[PDB]
């Protein structure tokens, strides 16, 4: 049956010349929780300039367990590990990462800047068994 476990990127409104946060969420986390994750987020670098990414509220011991890096303009790598591999699986549905972008002044109103998962994201539960996520991609709608 189709999984209830979801990885979703919000669709948000943004204004050219301004900045915006794009939340990335997990929901339907199963009872075994999430002990590992790694995935790629692509964004439209012709319109958005990545500032930084912050661990979301659901992330355990985020200072240690969470990482995010801009590999190249338009491509982010996201990483989570329970460094204890015992007591720090994610069990709570909600925001997993907040992605902060400046929006170029050249970006046109009425257009969109896609923010998406690239490829198939990897998640491991507390048993280090892979769990498949249902992905919903997002965007910054420029107005």
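Residue numbers count along the first chain shown, from 1.
Averaged over Cα atoms, the B-factor as recorded in the entry is higher for 29-37 than for the other of 43-51 and 29-37. Annotation for 71-79 versus 106-114: the higher mean temperature factor (C-alpha) is found in 106-114. In this PDB entry, residue 20 carries a Cα temperature factor that places it within the middle third of its chain's modelled residues. Among all modelled residues in its chain, residue 60 ranks in the lowest third by Cα B-factor. Per the deposited record, the Cα B-factor of residue 89 falls in the highest third when ranked against the other modelled residues of its chain. Placement of the Cα temperature factor of residue 119 within the chain: highest third of the modelled residues, per the deposited record.
When the CA B factors of the chain's modelled residues are split into thirds, the value for residue 9 lands in the lowest one.
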